[PDB]
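Each chain is listed here by its residues.
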Amino acid sequence: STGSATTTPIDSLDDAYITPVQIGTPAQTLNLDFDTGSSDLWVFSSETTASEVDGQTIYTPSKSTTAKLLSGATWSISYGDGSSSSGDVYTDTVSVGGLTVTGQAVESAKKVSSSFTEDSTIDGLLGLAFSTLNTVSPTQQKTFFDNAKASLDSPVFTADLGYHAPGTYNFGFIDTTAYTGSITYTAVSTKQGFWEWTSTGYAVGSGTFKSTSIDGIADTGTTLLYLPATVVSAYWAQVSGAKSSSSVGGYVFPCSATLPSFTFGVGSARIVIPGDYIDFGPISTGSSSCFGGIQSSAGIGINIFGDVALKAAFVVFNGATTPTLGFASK
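What counts and how
Residues numbered from 1 in each chain as written, not as in the entry; some residues may be left out. Heavy atoms only, no water. Residues with missing side-chain atoms left out of burial classes, pairs and counts. UniProt positions renumbered as here; feature names shortened; annotations may be inferred. Core = buried A, V, L, I, M, F, W, Y, C linked by side-chain atoms within 4.5 Å. Buried < 20%, exposed > 50% of the residue type's maximum accessible area, 1.4 Å probe, protein only. Helix = DSSP H or I, 4+ residues; strand = E, 2+ residues; numbered from the N terminus. Domains from an automatic or database assignment. Contact = heavy atoms within 4.5 Å. Pairing = 2+ DSSP bridges. Axes fitted to C-alpha atoms, helices over the stretch in contact; angles between N-to-C directions. Disulfide = S-S within 2.5 Å.

As recorded in the PDB entry, the protein goes by endothiapepsin and comes from Cryphonectria parasitica. This entry carries the title "Automated refinement of diffraction data obtained from an endothiapepsin crystal treated with fragment 169". Heading Sequence similarities of the UniProt record for the protein holds this comment: "Belongs to the peptidase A1 family."

Here it is, written out as structure tokens:
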């Protein structure tokens, strides 16, 4: 089997991407944030605290003939941006782009933090990291990909995120029309439950490539590119007037700037992030200070190849017995 679904930016900055997901019988379509950095599929639901719902589409398991309470199961998760959610668990039929999983754990939110309530465009998350990170207790549950894997033509999924434009998540096949050149594959460590890999270095703009190992995760659920402070300082030093603002919470730059590109290494290959991808716009409405799309990972504890990086590539998440990651230009 295969699946193919379009993923769409939630706003003009590509702060996140939503992908339609069919849950239950008859189908209830919710727009979920596909997240290769977590492993829970959770949704706003009829069980969510009413004051914490503001415009989201909810899953109502009582209206699904295939929903079943997973008795005794609860879940609770915190994300890198400080947001959180928790609740109980149903199993139900879940389809993504024509690919169906029966018996998928659908984690129903009883509580969500303010960041979720305040974003009316995201109805939940669909985790695509390794199932070892799933938070369901007392019986850990498998991700949608893990459940689908054995039925897939090939045990892979791909992320093809757009810059200010829709893109595609495919399951079970590699669309050879979706990228240019060749795909370069690189080793993954699953030891922390992430799609963790080592970039071979970087360049700033038209500058020379610096060979250096940068361990990080491929994370579709993180907006920005978080890298070591040395790297990030070298990037922003090339933008006149750029500075790190403790008050804003990262590097800002004059909105009048033309940003240089940033290149990262995948083995002997190179992925070039155009400068425009690194512009996240005014820090507040009407400001001439703009927020940078490359930020320091110092104090995160891990480097994160988030959307800013991934959208510059066609990315293969190869879930074979020994997983790997593939990157191509596009």
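**Student:** Kindly report on the nonpolar core, identifying the contributing residues and their values.
**Tutor:** Counting residues in each nonpolar core, the largest one holds 73 residues, and the members touching the most others are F171, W236, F262, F264, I273 and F327. Among the elements that make up this core, the one with the highest residue count is helix α3 (residues 229-236) (4 residues). Split by domain, the residues of this core number at least three in each of domain 1 (5-174) and domain 2 (175-330). Those residues in contact with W236 that sit more than four places away from it in its chain are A242, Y251, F253, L259, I278, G292, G293 and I294. Residues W42, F44, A109 and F116 belong to the second largest nonpolar core, which totals 16 residues.

**Student:** Quick rundown of the sheet that holds strand β15 (residues 243-245)? Include the residues and the values.
**Tutor:** Spatially, the 4 strands line up as an open sheet ordered β15-β16-β20-β19, and their pairing is antiparallel. Two strands in the sheet have a free side with no partner beyond their single neighbour: β15 and β19 (279-282). This sheet shows a mean twist of 40° between the axes of neighbouring strands, independent of strand direction. Note: β19 against strand β20 (residues 289-292), 2 bridges, orientation antiparallel. Residue pairing across strands places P282 opposite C290, the latter belonging to β20.

**Student:** Lay out the state of the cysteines in plain terms, naming residues and giving numbers.
**Tutor:** All told, the structure shown has 1 disulfide when counted by the stated rule. Disulfide pairing is shown between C255 and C290; the S-S distance is 2.1 Å. Disulfide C255-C290: the torsion about the S-S bond is 105°, which places it as right-handed. Taken as a pair, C255 in the loop between β16 (250-254) and β17 (262-266) and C290 in strand β20 lie far apart in primary sequence, 35 residues in all. The exposure class of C290 is buried, given its relative accessible area of 4%.

**Student:** Explain the domain arrangement of the protein to me, and be specific about the residues and the numbers.
**Tutor:** By the assigned domains, the protein splits into domain 1 (5-174) and domain 2 (175-330). Computed from C-alpha coordinates alone, the two centres of domain 1 and domain 2 are separated by 25 Å. Contacts between domain 1 and domain 2 engage 30 residues on the former and 32 residues on the latter. No other element matches the 5 residues that strand β9 (residues 156-160) contributes to the side of domain 1 that touches domain 2.

**Student:** Got a sec to walk through unusual backbone geometry? Specific residues and values, please.
**Tutor:** A cis geometry characterises the amide bond from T25 onward to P26, with omega recorded as -5°. Look at the link from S137 to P138: it is a cis peptide, with omega at 10°. Position of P138 among the secondary structure elements: in the loop between β8 (124-127) and α2 (144-148). Phi angles above zero are rare outside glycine, and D14 is one such case at about 55°. Mapping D14 onto the fold places it in the loop between β1 (3-9) and β2 (17-23). One non-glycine residue, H164, lies in the positive phi region at around 50°. Following the sequence through the fold, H164 ends up in the loop between β9 and β10 (167-171). When its relative accessible area of 43% is taken as the criterion, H164 is described as partly exposed.

**Student:** Before we move on, could you go through the UniProt feature "disulfide bond" in the protein and cite the residues and values that matter?
**Tutor:** For the UniProt disulfide linking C255 with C290, the SG atoms sit 2.1 Å apart, under 2.5 Å and consistent with a formed bond. Its relative accessible area of 29% is what places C255 among the partly exposed residues.

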